[PDB]
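So basically every Cβ, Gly included, is an ideal-geometry build from the backbone, and we count neighbours across all protein chains shown. Readers should treat all values here as calculations from the given coordinates under stated rules, not as data from a laboratory.
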Amino acid sequence: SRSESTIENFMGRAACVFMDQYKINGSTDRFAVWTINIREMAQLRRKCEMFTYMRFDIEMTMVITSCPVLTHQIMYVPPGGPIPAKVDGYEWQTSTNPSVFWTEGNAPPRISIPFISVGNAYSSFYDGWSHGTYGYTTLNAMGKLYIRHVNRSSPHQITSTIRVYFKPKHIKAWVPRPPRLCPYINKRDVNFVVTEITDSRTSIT
Amino acid sequence: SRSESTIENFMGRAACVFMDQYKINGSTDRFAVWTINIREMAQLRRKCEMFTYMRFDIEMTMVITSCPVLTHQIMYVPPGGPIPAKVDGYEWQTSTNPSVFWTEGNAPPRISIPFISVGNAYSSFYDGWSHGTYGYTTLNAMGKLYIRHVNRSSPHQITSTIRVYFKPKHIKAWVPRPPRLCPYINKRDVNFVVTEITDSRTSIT
Amino acid sequence: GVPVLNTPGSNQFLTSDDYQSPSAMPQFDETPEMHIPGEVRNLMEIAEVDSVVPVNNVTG
Amino acid sequence: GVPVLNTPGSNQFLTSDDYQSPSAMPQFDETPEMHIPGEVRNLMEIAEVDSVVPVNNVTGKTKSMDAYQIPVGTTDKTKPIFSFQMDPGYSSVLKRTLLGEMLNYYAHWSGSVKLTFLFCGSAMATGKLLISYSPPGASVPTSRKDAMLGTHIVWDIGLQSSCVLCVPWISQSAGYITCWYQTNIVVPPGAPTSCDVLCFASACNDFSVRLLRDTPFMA
Amino acid sequence: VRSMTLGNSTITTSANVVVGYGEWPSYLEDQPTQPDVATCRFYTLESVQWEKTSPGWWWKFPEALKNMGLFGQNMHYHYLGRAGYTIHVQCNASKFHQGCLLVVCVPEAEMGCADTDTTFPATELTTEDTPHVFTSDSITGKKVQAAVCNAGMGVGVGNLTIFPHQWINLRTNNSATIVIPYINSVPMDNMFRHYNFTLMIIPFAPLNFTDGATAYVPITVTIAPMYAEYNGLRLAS
Amino acid sequence: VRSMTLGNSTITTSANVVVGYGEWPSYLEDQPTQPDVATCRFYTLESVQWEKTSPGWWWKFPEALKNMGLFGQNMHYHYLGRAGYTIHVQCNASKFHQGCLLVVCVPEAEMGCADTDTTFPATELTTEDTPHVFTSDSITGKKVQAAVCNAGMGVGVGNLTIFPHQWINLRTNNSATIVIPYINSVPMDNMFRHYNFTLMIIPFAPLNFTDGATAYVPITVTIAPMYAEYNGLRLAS
């Protein structure tokens, strides 16, 4: 009767973790970056922060709109990959960086990322230093997701908005952890404001 | 020879239970709600009111028209789900609420809903109180169906009309009930005007 | 992959079709079926029940 | 080739689908799995762990350690010591525990809640406290006598320091659990009179949870 | 003319028993306490005066047993419950009396208000021991639309023979026995706010007699809650 | 009252041992050298003064064993390492003292800075042998947010009983023993820059006594690094 209380049923469901737009013609506003992390959405972050160590594969499904036939390149760089600094940068042509070519009107593109960490599990919490900077390790680095129009130009001005749906797959988790009481201040650190344990009451009876 | 007189052959067939339109740009007219009930269509309501308790799965097929490539989100909230109050409300991004992303020109979208009641069957009739309000229970609650354009904007004004086809699946029914004589006054209650049993006749012979 | 031809009738919504559909919530665990008296498997079980016939349906 | 018909539902992105997907880097050889202690296969393994219940969550002190401490010993016997609604969801006492925070992810849950009361007073102190549970339909007892005429347990504090009770029918007007001075805290000249009681709520080994939803805690 | 006892009560009783939907009442975190002693005893309601102009009556159960001793008492103490309700109807009419009754149970008999726009205030449906009479014509106000030819539900009163029913024809028999095996979706419900079935007695052929006979025929309704069980008050282990 | 020896050290010791996550510490191009002799000996820290107003304490390991003899010495010589850390806590309180402690280990206990905008300068987390105390109210500056009701981590302090923990109730027992089988993703990490777990001791029921007793209760923490191993300094074959 508790089948749905499993980690796969709990953690594994797609959520719209990244909203961004990118123009087709005109500098740095012509592509979208999104360094992949589990700390983007505050609702998904509270779930991944119940476990200290997690191990899962990633299946992403991009949802691209627009405002000719438009073709989009969604290039995924591995954690050691070269990052483009301009829409025309040579780094888009790298063979090592897998990319999908999706033209508008078809089913949305789907790309699947394995467990790419150097260690044995991703860390939700890191009590330690890089040297440095506290709470950051390069073991839970999952790459970036560079997205652009492959079209050279358009007579009209076209602005394309992309939604990324992040779904963990084959989730494995270790070391349970209490759910977070305080709200989130920043997306990189664990800093908090001292909050009350629970809503108050008039008396003890 | 009576194979077609079965409940599956009788109850299980798709009917256009909800017609609504929703503009793409401009407040509350930019999405469609439709709380899911069997009391919408008067022809389908007369059939579901022949049985006191019913148990079925739901397969819906939306039919979306319009007047760029348009993409639509059909978000289904479970009976405990958060409901959006605006087109841009955060509730559209909830992972828990399953949604389909359908772009125009492809086969129409189809979503299937299991038996989601807390009890063991949906009630066509409830002789009792919520405390309250008579004839209403939360056991035969099936959710809502929020539908919008995922496109941020369009230069032209686009109005999209959606038709929902509701087909019960794997129907199971209990406790037969006489078919309703009187017409329907309201979609929530069972109130009626006293009508004659049958059309009159000149004499008894 | 395998060679495939799309026959006429692809990408149409026949209202009376009986195809398997993708479930919205596969994870959802449905309530187990319970015995309720009065299982209705056929509608001729309803028509086989006697009912009073309004023979004296004169105009008054 | 083979004749194929595209059914309705082709070329759609159902967000909750479970199709096999083409991997970005098939060549990549994943790190072999290693044994890490604490494998989590179910979330009811989290809810089955006892956690301290903030019974004393009065308006002044819900940002200190005094929210957990039930003050006993200083002290009329007419008014109960504490009283709180039993349901974990939508009850400020059990709303934010290991048990309650897991149950706020699920629309429907049915099970039993186990309460454990720990007496944190001196070893020389002694007395009796009457813990009464009232069923969901029944009204809260007004006196110790009406609490005694029901489901209760007279907990001798000098004898045993922990009192465990498993409450049934906790699922979604719920049950009330109360405590009464049956006997004042009898103390020698050396030991301090005022004592504290801690509570521990956890799963009573069932807890089936059915319809996952979004938590009402994070905005 | 066998007379069956049950508890501290006894009634004298055509031994044709109608079992509702062919199923006999049966029993069944969660822990139900069932009181076998008492409760099952026959609860004889007050007799009703059936006359030439009587259109009908209805009772809503379990709420009609609200004040009937321990069974009604248990309804207050226990949040949840379920029962089986053997119902005996004995017309007690002379040979020189003619008439025909439909004794039917109609589970989940949701009724409609007279003024369609507004709803009735919760007491037009049921008073505990006293029945609610139907009406011969349409009515108005915030009370249940109690016109026969519709039985308050909007369906035809002639084809209301699909529920568990019995025919009392004073020419043939004066007795009826119906068994109603707790029809509900949820296994236990609150008796106070939920009406499981509605025993309604409708005269199809009206009562008739000559001038010397008694002007009425008193109909007696007797209810025995069978296999009643509730929730467990005491703490689990 | 069995007293267990281990190395050149001996401690006198309710023999209830809590094994963290039900797993006992175990061993395991790459070549690890493990020092069985020494290291495993008990390292008794300085006792802490527990008072009526004491909010709590925490230690970060392995860095709290930075100066503890050969084990701390090995941390400098070897780049990588792992250990098992049997922890003994003995309150040593009289019968006339009352109180309740939570002794919990909390692996990967990342803490938050008081001033949210800025980060702490690496020494507010840990000093080697001396503990860091919590605070009763909120604080400000570039130090760890050490307010109990949050335990520095943002979670509730009541539902912090999910980690490997032990309850010290001076009414019942004055001792605690926790075994922490090296929880980490990578099999070996640098002890200096990574804190594997944070032993924090939190009084839920405060210390109380009458005027004649000693105004404090000294809590003694004892750590034995079990199954410690490091990397191989010498060249492979």
Over all distinct Cα pairs, what is the inverse of the mean 1/r for chain E, reported as the Kirkwood hydrodynamic radius in Å? 18.8 Å
Here the Kirkwood hydrodynamic radius of chain D, Cα-based and in Å, equals 20.9 Å
Nearby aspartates and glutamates by direct alpha-carbon distance to A:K23 (threshold 17 angstrom, same-chain neighbours under 8 apart not counted): A:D88, A:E104
Going 7 Å from Cα along the Cα-Cβ axis for the label, what nanometre distances separate F:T33 from the same residue across the other copies? 7.3
Nearest-to-axis residue of chain E, judged by Cβ, for the E-to-F rotation, with distance in whole Å? E:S185, 42
Using DSSP to call loops (not H, G, I, E or B), can you name the chymotrypsin sites (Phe, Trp or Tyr not before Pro) in region F:174-213 whose Cβ has at most 16 other Cβ atoms within 10 angstrom? F:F192
Counting other beta carbons within 10 Å of each residue's own, what order do E:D30, D:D146, B:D127 fall into, fewest first? D:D146, E:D30, B:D127
Trypsin sites (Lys or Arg not before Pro) within region E:88-162: which are DSSP loop residues with at most 10 other Cβ atoms inside 10 Å? E:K95
Computed magnitude of the charge dipole of region A:1-111 (debye, nearest 20; Cβ of K, R +1, Cβ of D, E -1): 280 debye
For a quick check: with amide H placed at 1.01 Å from N, whose amide H comes under 5 Å from D:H152's, ignoring anything fewer than 5 positions away on the same chain? D:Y133
Cα lying deepest toward the dipole's positive end in chain B, options B:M62, B:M142, B:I197, charges on Cβ: B:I197
Add -39500 (n - 2.57) for each DSSP H run of 4 or more in the protein assembly as shown, then divide by its residues: what number comes out at 222 nm, to the nearest 500 deg cm²/dmol? -1000 deg cm²/dmol
Along Cα-to-Cβ, 7 Å out, sits the label point; list in nm, shortest first, how far the one on A:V150 is from those in the other copies. 2.0
Inter-copy distances for A:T71, nm, shortest first, label points 7 Å along Cα→Cβ, are 1.9
Fewest-first ordering of C:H35, A:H149 by Cβ atoms within 10 Å yields C:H35, A:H149
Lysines with Cα under 19 Å of F:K52, excluding same-chain neighbours fewer than 8 positions away: D:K61, D:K63, F:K95
Dividing the alpha-carbon radius of gyration of chain C by 2.2 N^0.38 Å (N being the number of residues), what value is obtained? 2.30
Cα shape, the protein assembly as shown, gyration tensor, a/c 1.5 rule: oblate
Measure out, as a whole number of angstrom, how far apart the alpha-carbon centroids of region E:194-237 and region A:120-134 sit. 74 Å
So if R0 is 56 Å, what FRET efficiency would A:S1 and E:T210 give, r being the distance between their Cβ atoms, rounded to the nearest 0.05? 0.25
Mind listing the lone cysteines of chain F, meaning no other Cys beta-carbon sits under 4.7 Å from theirs? F:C40, F:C91, F:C105, F:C113, F:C149
If each part is reduced to its alpha-carbon centroid, region D:41-106 and region B:1-70 end up apart, in Å, by 45 Å
Under a point-charge model restricted to the Cβ atoms of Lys and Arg (+1) and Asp and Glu (-1), what is the dipole moment magnitude of the protein assembly as shown relative to its Cα centre, in debye to the nearest 20? 880 debye
Among E:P55, D:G158, D:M102 - extreme Cα towards positive end, dipole of the protein assembly as shown, charges at beta-carbon: E:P55
Counting only backbone N atoms under 18 Å from a point 7 Å out along Cα-to-Cβ of C:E33, the residues of region E:173-191 in range are E:184-187
With T = 10 °C, eta = 1.306 mPa s and Kirkwood Rh from C-alpha pairs, the Stokes-Einstein D of region B:12-94 in µm²/s is about 103 µm²/s
Phi angles of region F:190-195, converted by Karplus (6.51 cos²θ - 1.76 cosθ + 1.60, θ = phi - 60°) into ³J(HN,Hα) in whole Hz with x for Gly and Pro, give 6, 5, 5, 9, 10, 9
Residue farthest toward the positive end of the dipole of region F:87-138, with Cβ of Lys/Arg at +1 and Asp/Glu at -1: which of F:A122, F:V89, F:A109? F:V89
Using a 7 Å offset from the Cα along the Cα-to-Cβ direction at both A:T94 and B:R152, what is the distance between the two label points in nm, to one decimal? 2.8 nm
Chain B Cβ-axis minimum, rotational copy A, residue and distance in Å: B:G105, 5
Roughly speaking, what is the centre-to-centre gap between region B:158-191 and region E:75-139 when only Cα atoms are used, to the nearest Å? 27 Å
Cα pairs beyond 24 Å in chain B, in percent, come to 50 percent
How large is the dipole of chain F about the Cα centre if only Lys and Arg carry +1 and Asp and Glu carry -1, each at its Cβ, rounded to the nearest 20 debye? 580 debye
For the pair D:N205 and F:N190, what calculated FRET efficiency results from E = 1/(1 + (r/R0)^6), where r is the Cβ-Cβ distance and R0 = 56 Å, to the nearest 0.05? 0.85
On a straight-distance basis, which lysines could pair with A:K169 in a cross-link, Cα separation under 26 angstrom, same-chain partners fewer than 8 positions away excluded? A:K47, A:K144, A:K187
Report the normalised scattering of region E:125-237 as log10 I(q)/I(0) at q = 0.11, 0.12, 0.14 Å⁻¹, calculated by the Debye formula with identical scatterers on the alpha carbons. -0.54, -0.63, -0.83
Kindly state, to the nearest 0.05, the FRET efficiency for B:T195 paired with E:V1, given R0 = 35 Å and r defined as their beta-carbon distance. 0.20
